[PDB]
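Here's a solo chain for you in structure tokens, the form deposited without the ligand.
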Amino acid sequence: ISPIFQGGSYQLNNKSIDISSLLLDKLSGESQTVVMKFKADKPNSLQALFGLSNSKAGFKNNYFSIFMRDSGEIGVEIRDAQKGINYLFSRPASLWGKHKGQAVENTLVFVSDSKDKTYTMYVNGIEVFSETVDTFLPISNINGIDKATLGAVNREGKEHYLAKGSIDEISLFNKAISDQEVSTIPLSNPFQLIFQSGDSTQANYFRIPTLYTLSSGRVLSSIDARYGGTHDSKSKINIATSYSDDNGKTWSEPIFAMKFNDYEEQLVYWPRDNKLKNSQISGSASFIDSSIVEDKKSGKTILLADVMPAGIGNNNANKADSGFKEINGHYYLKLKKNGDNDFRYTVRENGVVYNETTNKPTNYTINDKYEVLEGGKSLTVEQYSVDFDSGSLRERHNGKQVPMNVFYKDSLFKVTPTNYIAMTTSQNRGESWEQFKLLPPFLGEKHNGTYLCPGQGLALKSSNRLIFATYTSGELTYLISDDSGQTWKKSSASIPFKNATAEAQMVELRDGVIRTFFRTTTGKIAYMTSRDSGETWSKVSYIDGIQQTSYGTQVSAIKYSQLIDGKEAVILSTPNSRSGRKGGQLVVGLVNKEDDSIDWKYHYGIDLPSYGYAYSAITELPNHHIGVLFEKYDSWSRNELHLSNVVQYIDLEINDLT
């Protein structure tokens, strides 16, 4: 259908525009769709873009409004005092403000559907809420509506929620348009999605993006595909990957780099209310925090991630056990058998399960996939699925058998409940991945694994050396391989922190010289330098000119291939804020070749200082543009949990940054 009203180029300068005469007598029936293309690059704290209200004395609570906050939150109110209805639906982090310094045209579609009693909001091609109610309130069936307003809501004759921005186009339809019709509405998005709800991963949520540019020119990305809301482990999380062969313009359908199958891959709408939002999948194994590097010698791509056994995450991992037993000077994965109070088993050469109390092999072996065999026969467990049908989270058997894995809850043989690091490789640049192998312990038999720093590993330019940064209590622990990742050693670097989340990323400033930038607890990003390809590390220094919160945020970092202002350049990606994860910036630093000091010269605002920006990935694309894949929301805030399609990708040129 065509609209019943269509108008455009409305400037909202803290003064509402009355469109009652044009719209009110066109509204008919109980279903409506609002389509609005608008900009707001300097919004007020709380502002209404569109209102239908009863403006008369005594009816201040009879109105419909589409509103936004300077946080990027979008929502609606639908209120009628006589009916005793006060609906408020919203989602944080739904909007763009500016891109390349230009105000972004957001495309909003609100569907009010009387037949299905459902209100659905889309912004920029993304469904941000869909709410069904028992008692439906048609937006123009509000008692005594007599005003249609842009840039405010008229309540008792006064302008409430005054807006600053512009509405370039607005249309209203006397129909609830289908999800299919919605998908045909043209968009003006400044971003793309690589991973998204409903894709091959079937995860509704994503966190912890990475990006890495391969020698062939392919750009590879990995991510946590998070099933149980956006929660860290314990949960169900797999590691997914996607690549682009055209400088980031298009991306492949994701595949898994690391996955467990003890729980179903389910696309679930995780509850966001204050009673249930902390619901967490509690019996699934998971992967979390991935990192990528490419090896020049073998040509292999290598991906590491943390591995968590069923029900385990950082919060409850055994901090005094590596999960391995030391023997002769070798490390072997420990196992506990069904019924034993003790871990009386180890996994030896060729995956042979060996009894430590009897010093005697068993008829059990562990295959490459960490699956349990008895005399060559594959053992199985029944898979779980999750639901909130009952009114709370339930995890229950679903009738399907999957291979029995030592990382599962239901396994006959179970690993130590602590964190591990695993590695997988690809021989075809991300088209398929090998089965992962656990890395050995590096800090002794009685120390839990270090935690992988998400993002990129570092391939040194003048050699075959590969380095993945990791962190633990009191240090960064660099993992170093000179043989294509077949064997690893550690290089420990003390930091003045107990128990920091010291997520670190590295750049090679020049041959043999590595600077590592890392998250701290001081509100400042720190760094340290190695001049012997990672063997030894300097004291810690701090960057002035960028602020982080007390708890900090991952920082991504690259060494740019081209000179800027005649100098070698490093680019950092981080929120710049001491309040929350917002105010995303790329900060361009020029290197002083006298002393390798860095002058942070340009700060590029990714979007508004008040709009969300958390973990991020940056890479120089083969054409010397910059690709950024980032969490466009506050991933710390307990108000912005479980948002879909907030990890987004943009393309920038250096001239945009300067």
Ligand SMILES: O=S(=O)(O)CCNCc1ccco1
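All residue numbers refer to positions in the sequence shown, first residue = 1.
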Checklist entry - Out of 329-337 and 123-131, which stretch has the higher average CA B-factor listed in the record? => result 329-337
Checklist entry - So 357-365 or 267-275, which one's hotter by mean CA B-factor in the entry? => result 357-365
Checklist entry - From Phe256, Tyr408, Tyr370, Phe110, can you pick the one with the highest C-alpha B factor in the entry? => result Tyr370
Checklist entry - Can you tell me which of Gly151, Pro441, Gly455, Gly580 has the highest Cα temperature factor in the record? => result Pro441
Checklist entry - Lowest, middle or highest third: where is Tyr633 by Cα B-factor in its chain? => result lowest
Checklist entry - Lowest, middle or highest third: where is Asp306 by Cα B-factor in its chain? => result lowest
Item to check | Ranked C-alpha temperature factor of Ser597 among modelled chain residues, by third | outcome: highest
Checklist entry - When the modelled residues of the chain are sorted by Cα temperature factor, does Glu445 land in the lowest, middle or highest third? => result highest
Item to check | Third of the chain's Cα B-factor distribution that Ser55 belongs to, per the entry | outcome: highest
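The next section is about a form of this same protein that is not shown, the form solved in complex with the ligand.
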Checklist entry - Only one of 476-484, 141-149, 304-312, 433-441 gets a heavy atom within 4.5 Å of the ligand in the entry with it bound; which is it? => result 304-312
Checklist entry - What is the one choice in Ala163, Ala469, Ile288, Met258 with a heavy atom within 4.5 Å of the ligand in the entry with it bound? => result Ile288
Checklist outcome for this item: The one option of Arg515, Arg91, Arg519, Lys336 with any heavy atom within 4.5 Å of the ligand in the entry with it bound is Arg519
Next on the checklist: Residues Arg207, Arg581 and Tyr615 are flagged as a possible site; in the entry with it bound, is every one of them within 4.5 Å of the ligand by some non-hydrogen atom?
Outcome noted: yes
Next on the checklist: With a cut-off of 4.5 Å between heavy atoms, is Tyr451 one of the residues that contacts the ligand in the entry with it bound?
Outcome noted: yes
Next on the checklist: Residue-level question: is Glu371 within 4.5 Å of the ligand in the entry with it bound, judged on heavy atoms?
Outcome noted: no
Next on the checklist: Can you work out whether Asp232 and the ligand are in contact in the entry with it bound, taking contact to mean some heavy atom pair no more than 4.5 Å apart?
Outcome noted: yes
Checklist entry - Can any non-hydrogen atom of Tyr10 be found within 4.5 angstroms of the ligand in the entry with it bound? => result no
Item to check | Members of 627-643 lying within 4.5 angstroms of the ligand, judged by heavy atom, in the entry with it bound | outcome: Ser635, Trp636
